[PDB]
Number of protein chains: 8
Amino acid sequence: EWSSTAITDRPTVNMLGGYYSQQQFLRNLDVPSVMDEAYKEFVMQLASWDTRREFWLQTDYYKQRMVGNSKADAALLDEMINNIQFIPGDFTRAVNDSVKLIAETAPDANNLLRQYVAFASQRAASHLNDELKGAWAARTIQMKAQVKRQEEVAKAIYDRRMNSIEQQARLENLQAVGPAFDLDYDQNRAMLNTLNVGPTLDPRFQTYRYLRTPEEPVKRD
Amino acid sequence: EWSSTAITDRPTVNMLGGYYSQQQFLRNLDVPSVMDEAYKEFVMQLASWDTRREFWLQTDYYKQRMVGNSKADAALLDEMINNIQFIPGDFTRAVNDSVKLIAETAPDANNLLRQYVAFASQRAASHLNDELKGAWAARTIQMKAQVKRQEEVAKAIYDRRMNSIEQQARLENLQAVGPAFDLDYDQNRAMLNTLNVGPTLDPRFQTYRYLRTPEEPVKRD
Amino acid sequence: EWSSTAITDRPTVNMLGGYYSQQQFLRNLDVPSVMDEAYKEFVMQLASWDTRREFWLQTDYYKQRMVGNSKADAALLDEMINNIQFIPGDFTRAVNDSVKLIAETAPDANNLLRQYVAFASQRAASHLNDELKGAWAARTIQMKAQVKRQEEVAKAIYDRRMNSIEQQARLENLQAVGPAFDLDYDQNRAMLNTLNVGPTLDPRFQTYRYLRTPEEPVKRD
Amino acid sequence: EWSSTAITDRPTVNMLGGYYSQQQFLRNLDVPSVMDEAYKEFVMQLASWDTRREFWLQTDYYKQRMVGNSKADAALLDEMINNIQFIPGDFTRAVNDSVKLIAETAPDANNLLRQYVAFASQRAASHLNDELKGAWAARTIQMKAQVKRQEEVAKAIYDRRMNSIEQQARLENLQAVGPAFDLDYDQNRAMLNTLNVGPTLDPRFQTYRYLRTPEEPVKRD
Amino acid sequence: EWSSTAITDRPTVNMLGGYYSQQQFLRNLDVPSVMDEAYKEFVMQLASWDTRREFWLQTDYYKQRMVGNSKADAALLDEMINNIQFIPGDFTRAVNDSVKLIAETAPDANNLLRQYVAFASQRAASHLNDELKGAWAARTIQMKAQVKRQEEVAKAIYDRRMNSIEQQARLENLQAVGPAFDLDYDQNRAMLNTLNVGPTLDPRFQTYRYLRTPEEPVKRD
Amino acid sequence: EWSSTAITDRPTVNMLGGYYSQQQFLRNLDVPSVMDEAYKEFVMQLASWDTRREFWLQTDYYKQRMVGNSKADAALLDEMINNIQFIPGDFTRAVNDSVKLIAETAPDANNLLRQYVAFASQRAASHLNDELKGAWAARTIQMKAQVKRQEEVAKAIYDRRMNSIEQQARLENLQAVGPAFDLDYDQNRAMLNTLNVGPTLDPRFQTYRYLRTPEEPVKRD
Amino acid sequence: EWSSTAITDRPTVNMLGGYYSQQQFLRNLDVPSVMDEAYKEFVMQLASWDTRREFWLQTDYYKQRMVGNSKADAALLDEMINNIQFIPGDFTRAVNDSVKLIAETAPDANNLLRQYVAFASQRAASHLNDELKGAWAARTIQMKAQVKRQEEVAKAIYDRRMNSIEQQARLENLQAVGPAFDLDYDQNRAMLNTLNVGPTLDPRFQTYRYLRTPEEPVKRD
Amino acid sequence: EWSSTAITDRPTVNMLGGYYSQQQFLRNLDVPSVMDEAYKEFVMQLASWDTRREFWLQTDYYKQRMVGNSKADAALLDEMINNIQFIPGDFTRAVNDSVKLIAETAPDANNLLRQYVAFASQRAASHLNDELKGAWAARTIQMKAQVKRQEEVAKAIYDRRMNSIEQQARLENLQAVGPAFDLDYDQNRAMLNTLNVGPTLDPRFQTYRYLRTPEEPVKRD
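Judging from the entry metadata, X-ray crystallography is the method by which this structure was determined, and 5.989 Å is the reported resolution.

Structure representation (structure tokens):
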């Protein structure tokens, strides 16, 4: 009976909080914008069948209209799932991504659309933190193993030199100074320290901006 | 009934005021033109539903047609949002971006359009400033982390040569010199100073330029 | 008479688990993403005729409809193979990949589509692990021959130098220290170490994610 | 009744006068020709609605046709505005940029078109001069901050070596010599000087050339 | 009257057995993956008129169908060749490669399709092994020539210096040490040592995989 | 009545004579061939309305056909301008550029066409000469400023090293000699000489070559 | 009335025998696959009128069909030329090149098509070998010139050092030793040796491979 | 009445004789193959009107059909020109470059078409020799200017050294030796020697190869 509409675009840097500096951090360890990737996920949460379904199942609107029949509630549920509609933008055309939500009332249409949007976005944020955490842990690990191989290189060299000095002061010097470590290793060690701190996983952050905010439609559908 | 029309294209370097010099500074650290990014944001602002809505809300022209009955005014506001009409250009056929505003008179259509444009431009310039501000902060911490780590490396090398020396004037010597710092530390450092002073935020700059300024229409639509 | 529908997309890093960092370990030695290459395998498994045959064959659904007549159990096997319909996506259209499954009941259609999905993800994971194994063994052998050759180079130079010294401390010193080894040899030795350890076989990992999870269909086909 | 036509192309290096070598000097420090940029600007001027309006308003031809009726005078203005027409070349098929102007006699069409073109050239020239000026300000400021940072690096290094020396000749050396500046600093200093001098602005330069100069038509439109 | 259908793709590293790391070895000496090139050969074998013809001719199914009439036998042969139909994928639409085999019964269609597939693969492997031998011998030859040139450069340098010292320890020393070989030479030399061993030619390695194994069709064509 | 035709392509280096070497000389400093570009201007001169007009005006044919009235002679002139038609080629179909001329007699059409061509090459040549001139002058200014600075740098350095020397043989050394000058300085200097000498002006050179020379028509249009 | 058919593709590396390594040897000096180029030569040979003409001219089939009238035999020869038909493949649609030969019998059509293929391949091979011998010869001249010039550079430097040092051991040494030569001269000398040895021409090699071998057609045309 | 036909392609490396190795040399001096460029010129000559005209005027076939009347003979000449038709190949369609010639008898059509292609080959050859030769002249003049500038650099540095040294072994030393010249100067010296030698320009070399040779037509058109 009534529908609201939203039009969206990619989040601002500020909207990603620590995730941004953390994702860039991880990006700038491996060598399309971070915000681009984020919005990619938002669009994906926003479009999901699972997401709409869970939303309605979680919605009181749906619940007060429940009659206690599994088939009817699932038809109604499916219908409500169907009452949320995403249209991908055409950026060749300045048509942006946009979403509409139908309910039996205008206030229901607006508020429900708002709640749905916040819902999809939370799922997106949560998933990007899983991604981040899983990128950080791994980076901490590659460095630990790398640093470790480096320690093994210095150790083989050290032993060889030892054995060459053997066959007298510099034998004692080498013996007490230990293996020789290049700069790369210590750098790897301090990065390892920061990595070992482990990521700040802020679940809050936002994953989209509005170009058109849902409003109470001024007329019926 | 009475409509006015404007046509725009990307702003120039000077047009961006003190924003231009600022963005280039950040681009030259992590390594589409700035003005281009800016015009995209301008277009983006221009076409938005929300922007039109808030304009009329803040516009005396709109405020003056409200009757104090919430539904009729919301319908009227809806009608004015639809009375501002965006027509994206196409650059295969050398068509630029254009915009129309319908109002109840020719003067209103002109003044309102000039105000609507100025309003949009000022809003775009604000969005650009926000992105800058946030990227700069992410950058100050990234390099701060970079420097910190650089200091941990320096101390590990320090404790290591002291230990290597203990086992004499060079002892006390090293004990007095402290960690050895390379050119890049001092450079990053002074850059860190300039990063710390913080960017300058010009709210002045225009984020577009007129190829066609609004004028009073000669006749009605 | 009842069909369930599901929709999948490429996995993410955490989803890929221990597999990711192993694949990346091997790409930085031979010098499109890894989860893209995982998902491509997922889709391919999803479509397979062989997979449908063996799935139904290991399935109680089919078995109870087995009459113990081989031609009819096979024809039923085929029909039920044909009761599974895959529909590829198109990103020009921004349509994601999607699968339908027909069965005699709704709960069966739902549960069977989910099971078939899990079966497919698991077959895909298994395959990816096999590739990793055999490439690891290859690279390991390659490097093994490279280190061997490095040792033969050092021994020819050593033979040359001992002859050149023959023709007296330097003699005994060379005679007792053995051939000299460069940093590349030792680093290669440590990588041979970590390679020789061999890869970690994780069979636990997912190779798709749901955008739409199978649910009980609400009406017949 | 009567109409003139012109065809343009980018100006010569010579027509840009003092503007040309200055735009090139700013080009070689931020590491599509200038006459092209100028022509693009020219053509911009040539194409602008505002430029045509301001032209007629600034044209005696228009001023003289005003009747002191707002409606009639604005309508007339609009009409004359509409009497200047630009066609972008389609350089794929050797059609060059061209402009046509309609008036009530042949001499008027000719004279007004030549004036409008010189006017456009002059505005283009004026504008291109503005672009230049603002870029040269961004740049002077940037060398100052760069040189000052350099000064402060050299100062940190100086200060550091001074402390280190204290715990005696080269000490007093250091004392009296000051920070140690590289060839880079001095180059930047002299440059800083040249930067400090400021730009030349001849607004007289021509910003186009003619491929077809306007002439008096030999028959009615 | 009956057909079996098989569906195929590129072989694995493991299937290529000894073939794979040797093809990669030659690649890391010269400068589309190996398994792709191998597959290109399989596909090549599968589609061939000659291969189908040779298949049927070496097939009992055919021989037993000879009536000893040259013209009926050649035409039968041609038919049977025509009873193996190969269809190329197009990957725009997720359409994979497929082979169908028509025979007079379901098990014949199945067995013969499996058999034809095996035949194409063996021919492909025999051939791929052929090519490998005539790439191994060539790169071997190239490296002897490079090493030989290195010896002759070395010897001409040696001769030059000889002449020059004559005109007294270093004369004898040099006459006793011989030409001075660089790491380049010695590396090329050990590479010669391995290169001279020659490739392992296992003809049994497999050159394709099944996405659909032929099965006894359950209904006629 | 009668008409002639000509067919052209880019000239050859020899045809550019002394001009070629000069344009390539400038090109090898600033960091499409030159005969292509010469030809570009040539074609522009060729198609230009202005060029056709001035051609007729300097011709005896027209003069002898003038009737002594400006309007009638302008109309005649106009008739004759429209009597020269340029047609660009299309190299997709391997079509070259081509030109036609109409006149009252055959010999006039031939002679006039040939004279127009030599005239155009001459204008193109004087124009290309002009471009070359302007550009030369500007580049000379640039290196004069670059050497000025190398000296100010060397001078600042000189001043600093002398002041540093002050607080005794080398003091007199530096005080007599001068600022130190790098190879770059002297090379810049020698080049500055050659720059200073200025360009050889071929007003001769050919700016096109013929694929088809004009001849006398055998028949009318 | 009878026709045979064949289908071909590019040859393999060992099919080209010695040719391939030699062409690869040249390309490595002056720093589209070889097989590609050999094949494209093959295709030019196969389609060629001249080639067909000479093949029939050299055939007993034709010779036994001559009647000794030059008009009639030229007409027959012409007829026999138009009886070999080449059909270009198409990459867009995976069509391969294919060839048909018509004769008065099926056996003739077979043998003759096989003989034509071997003849054409031998002609292509001849051309490729020709191109090779000429590129190698030019390559050879080039390097000799390079060695000569290097010796003149060394002679100029020789003369210069002699005159310089006069104005006594070193004088006499310099006199005995001759000009000085860097490694590049000697590498050039040995390779010049290998260029001088000249290329080996394999005339047996194959310049194509069969996908479909001609067979005796089964029925008349 | 009767017509002959030819088809061509790029000349072999060989057919360019001394020209080929000379074009590569310039190609290697400044930084589409040479044979391609030669063919490009040949094809250009082949299609030229001028070439055909020059051809027929030089033919007895024409002179014998002249009646000593300028109109009939020019018209006949124009007809004679129109009886040779060239069609550029579409290589996408495996269609190569081809030419046809119409005449009154079959032997004439044959013989005349032959003489004509050779005529075009020789014109292309002479032209290519002019391009080469003038490119050589340009290059030689530039080398002379480069060497003199280097000499003036060593001279400036020399006077600097003479003065510096005067203000005593190294004085008479420096005096007696002269300006200091690096290896690049000497390399440039020998190459100027060989540049001064000048190119070899053989005009007999061929500039095309045939794919179809003209023959006596066997029937009228």
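And the narrative resumes.
K.L.:
Which parts of the structure should I look at to understand the overall build of chain A?
P.N.:
Scanning chain A from terminus to terminus reveals eight helices and four strands. In chain A, the succession of α and β elements from N to C terminus is β-α-α-α-α-α-β-β-α-α-α-β. For chain A, whose C-alpha radius of gyration is 28 Å, the value lies well above the compact-globule estimate of 17 Å for 221 residues. Overall, the C-alpha framework of chain A stretches about 95 × 45 × 25 Å when taken along its three principal axes. Looking at chain A as a whole, 45% of its 221 residues are labelled buried. Of the roughly 11,300 Å² that chain A leaves accessible, carbon and sulfur atoms contribute 50%. A gap of 1 Å separates the mean positions of the 27 positive and 30 negative side-chain charges of chain A.

K.L.:
Just to check I follow, could you spell out unusual backbone geometry for this structure?
P.N.:
The general pattern is negative phi for most residues beyond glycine and trans for most peptide bonds. All names here are of chain C. A positive phi angle is found at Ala 94, which is not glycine, with a value near 70°. Residue placement: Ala 94 occurs in the loop between β2 (84–87) and β3 (98–103). Judged by relative accessible area, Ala 94 falls into the partly exposed class, the value being 43%.

K.L.:
Would you take a moment to explain the interface of chain H and chain G for this structure?
P.N.:
Think of interface size as the accessible area that goes away when the parts come together; that is how it is often given. The partner chain G presents 29 residues to the 27 residues of chain H that form the contact. Summed over both partners, the interface of chain H with chain G comes to about 2,200 Å²; 55% of that surface belongs to carbon and sulfur atoms. The largest contributions to the chain H side of the interface with chain G come from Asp186(H), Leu211(H) and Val218(H), which together make up 22% of the buried area. Taken together, chain H and chain G are joined by two salt bridges. Of the charged contacts in the structure, one is a salt bridge between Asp186(H) and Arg160(G), with a shortest N-O distance of 2.7 Å. Between the two partners, chain H and chain G, sit eight residue pairs in polar contact.

K.L.:
Explain the arrangement of the chains to me, please; I cannot follow it from the model alone.
P.N.:
Considering only C-alpha positions, the minimal separation of the non-contacting chain C and chain D is 30 Å. In this view chain D stays clear of chain H, with the nearest C-alpha atoms of the two still 20 Å from each other.

K.L.:
Explain the environment of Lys100(A) to me, please; I cannot follow it from the model alone.
P.N.:
All names here are of chain A. Relative to the helices and strands, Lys 100 resides in strand β3 (residues 97–103). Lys 100 gets classed as partly exposed once you look at its relative accessible area, which sits at 27%. Considered as a pair, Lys 100 and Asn 129 are 29 residues apart in the sequence and their alpha carbons are 28 Å apart. Excluding residues that lie within four positions of it along the chain, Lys 100 makes contacts with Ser 3, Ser 4, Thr 5, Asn 83, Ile 84, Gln 85, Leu 113 and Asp 221. Engagement of the side chain of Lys 100 in a polar contact is seen with the side chain of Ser 3, the distance being 3.1 Å.

K.L.:
I tried to follow helix α3 (residues 34–47) of chain E on my own but got confused; where do I start?
P.N.:
Residues spaced three or four apart along an α-helix face the same direction, because each turn holds 3.6 residues. The end-to-end C-alpha distance of α3(E) is 20 Å, a good match for the 20 Å that 14 residues give at a rise of 1.5 Å each. Those residues of α3(E) that fall on the buried side of the exposure criterion are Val34(E), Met35(E), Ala38(E), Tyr39(E), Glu41(E), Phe42(E), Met44(E), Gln45(E) and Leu46(E).

K.L.:
Got a minute to help me understand helix α3 (residues 49–57) of chain H in this structure?
P.N.:
Within the span of α3(H), buried status applies to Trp49(H), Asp50(H), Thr51(H), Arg52(H), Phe55(H) and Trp56(H). Sitting at the head of α3(H), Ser48(H) places a side-chain oxygen 3.2 Å from the backbone nitrogen of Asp50(H).

K.L.:
Explain the interface of chain E and chain C here, please?
P.N.:
Across the boundary between the two partners, chain E contributes 29 residues, which contact 26 residues of chain C. Summing both partners gives a buried area of about 2,300 Å² for chain E against chain C, and 56% of it is carried by carbon and sulfur. In this assembly, chain E and chain C are joined by three salt bridges. Put simply, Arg53(C) and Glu215(E) hold a salt bridge, and the shortest N to O gap is 3.0 Å. At the boundary of chain E and chain C, one finds six residue pairs in polar contact. When contributions to the side of chain E that touches chain C are tallied by element, the ones reaching two or more residues are α1 (13–16), α2 (18–30), α8 (169–177), α9 (183–195) and β4 (209–212) of chain E.

K.L.:
Help me understand the packing of helix α4 (residues 49–57) of chain C against helix α7 (residues 106–166) of chain C, please; the structure alone is not making it clear to me.
P.N.:
Packed helix pairs are characterised by how far apart their axes lie and by the angle those axes make with each other. All names here are of chain C. Look at α4 against α7: their axes get within 11 Å of each other, and the N-to-C directions meet at 120°. The orientation of α4 with respect to α7, classified from their angle, is oblique. In this structure, the crossing between α4 and α7 has a hand that is right-handed. Of the residues in α7, those touching α4 at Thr 51, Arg 52, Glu 54, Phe 55 and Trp 56 are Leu 112, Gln 115, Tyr 116, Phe 119 and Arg 123. Taken together, the residues of the contact of α4 with α7 break down into five nonpolar, two polar and three charged.

K.L.:
How should I be thinking about the nonpolar core in this particular structure?
P.N.:
The nonpolar side chains of a soluble globular protein tend to be buried with one another. Residue and element names in this part refer to chain D. If you look at the biggest cluster of nonpolar residues, it comprises 40 residues, and the most contacted ones within it are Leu 16, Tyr 19, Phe 42, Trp 56 and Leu 101. Secondary structure elements with two or more residues in this core: α1 (18–27), α2 (34–47), α3 (49–57), α4 (60–63), α5 (70–81), β3 (97–103) and α6 (106–166). Here the element with the most residues in this core is α6; it accounts for eleven residues.

K.L.:
Would you mind going over the pattern of salt bridges with me for this structure?
P.N.:
Any two side chains of opposite charge can pair, given that their charged atoms come close. Enumeration over the complete set of coordinates arrives at 95 salt bridges over all chains. As a salt-bridge pair, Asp202(B) and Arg204(B) come within 2.3 Å of each other at their nearest N and O atoms. Classification of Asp202(B) by relative accessible area gives buried; the value is 17%. Note that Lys148(C) is salt-bridged to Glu151(C), the shortest N-O span being 3.7 Å. Residue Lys148(C) and its partner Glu151(C) are both found in helix α7; the two are separated by three residues, about one turn of the helix. By relative accessible area, which is 23% here, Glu151(C) ends up partly exposed. By sharing partners, the salt bridges in this structure join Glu41(G), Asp9(H), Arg10(H), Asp36(H) and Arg209(H) into a single network.

K.L.:
Would you take a moment to explain the sheet that holds strand β2 (residues 84–87) of chain F for this structure?
P.N.:
Neighbouring strands of a sheet are bound in pairs by backbone hydrogen bonds; such pairs are parallel or else antiparallel. Residues and elements named next belong to chain F. Spatial ordering of the open sheet is given by β2-β3-β1-β4, a layout of four strands whose pairing is antiparallel. Bordering the open sheet on either side are β2 and β4 (209–212), each of which pairs with just one other strand. Strand-to-strand twist of the sheet, defined as the mean angle between neighbouring strand axes without regard to direction, takes the value 30°. Where strand β1 (residues 2–9) meets β4, three bridges bridge the pair, whose relative direction is antiparallel. Residue pairing for β4: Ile 7 is matched across the bridge by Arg 212. Those strands touched by helix α7 (residues 106–166) are β1, β2, β3 (98–103) and β4, and its axis lies near 30° from that of β1.

K.L.:
What am I meant to see in the pairing of β3(D) here?
P.N.:
For a regular strand, side-chain orientation follows a simple rule: the groups alternate between the two sheet faces. Residues and elements named next belong to chain D. In terms of burial, β3 is largely enclosed, as five of its seven residues are buried. Across seven bridges, strand β1 (residues 2–9) lies against β3 in antiparallel orientation. Each residue of the ladder has a partner; that of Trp 2, found in β3, is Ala 103. Inspection of the sheet shows strand β2 (residues 84–87) paired to β3 by four bridges, in the antiparallel sense.

K.L.:
Before we go on, may I ask you to explain the sheet that holds strand β1 (residues 2–9) of chain B in this structure?
P.N.:
Residues and elements named next belong to chain B. Pairing is antiparallel in the open sheet, where four strands are placed in the order β2-β3-β1-β4. Each having just a single partner strand, β2 (84–87) and β4 (209–212) make up the two edges of the open sheet. The sheet shows a mean angle of 30° between the axes of neighbouring strands, direction not considered.

K.L.:
Help me understand the packing of aromatic side chains, please; the structure alone is not making it clear to me.
P.N.:
The way to describe two aromatic rings as a pair is by their centre distance and the angle between their planes. This model, assessed by the stated rule, comprises 80 aromatic pairs over all chains. Plain terms: the ring middles of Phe25(C) and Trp136(C) are 5.9 Å apart, the flat faces sit at 25° to each other, and that makes the pair stacked. As far as the burial class goes, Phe25(C) and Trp136(C) line up, both buried. For the pair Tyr208(F) and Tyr210(F), a centre-to-centre distance of 5.1 Å together with 65° between the ring planes defines the contact as edge-to-face. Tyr208(F) gets classed as buried once you look at its relative accessible area, which sits at 5%. Judged by relative accessible area, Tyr210(F) falls into the partly exposed class, the value being 27%. By the ring-pair criterion, three or more aromatic residues cluster together here, those being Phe55(A), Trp56(A), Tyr61(A), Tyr116(A) and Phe119(A). Directly above the ring of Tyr61(A) sits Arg65(A), whose terminal nitrogen or CZ lies 3.5 Å from the centroid.

What counts as what
- Residues numbered from 1 in each chain as written, not as in the entry; some residues may be left out.
- Chains lettered and ligands numbered in written order.
- Heavy atoms only, no water.
- Helix = DSSP H or I, 4+ residues; strand = E, 2+ residues; numbered from the N terminus.
- Rg over C-alpha atoms; globule rule 2.2 N^0.38 Å.
- Buried < 20%, exposed > 50% of the residue type's maximum accessible area, 1.4 Å probe, protein only.
- Areas by Shrake-Rupley, 256 points an atom, 1.4 Å probe, with all protein chains shown as cover.
- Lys, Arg positive; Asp, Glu negative; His and termini not counted.
- Charge placed at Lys NZ, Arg CZ, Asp CG, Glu CD.
- Contact = heavy atoms within 4.5 Å.
- Buried area = accessible area lost by both parts, 1.4 Å probe.
- Salt bridge = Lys/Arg side-chain N within 4 Å of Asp/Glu carboxyl O.
- Polar contact = N/O pair within 3.5 Å; in protein donor to acceptor, adjacent residues only side chain to side chain.
- Expected span 1.5 Å × (residues − 1).
- Axes fitted to C-alpha atoms, helices over the stretch in contact; angles between N-to-C directions.
- Parallel < 35°, antiparallel > 145°, perpendicular 65-115°, else oblique.
- Left-handed = near helix turned anticlockwise from the far one by under 90°.
- Nonpolar A, V, L, I, M, F, W, Y, C, P; charged D, E, K, R; others polar.
- Core = buried A, V, L, I, M, F, W, Y, C linked by side-chain atoms within 4.5 Å.
- Pairing = 2+ DSSP bridges.
- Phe/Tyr/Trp six-rings, centres within 6.5 Å; stacked < 30°, edge-to-face > 60°.
- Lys NZ or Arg CZ within 6 Å of the ring centre and 35° of its normal.

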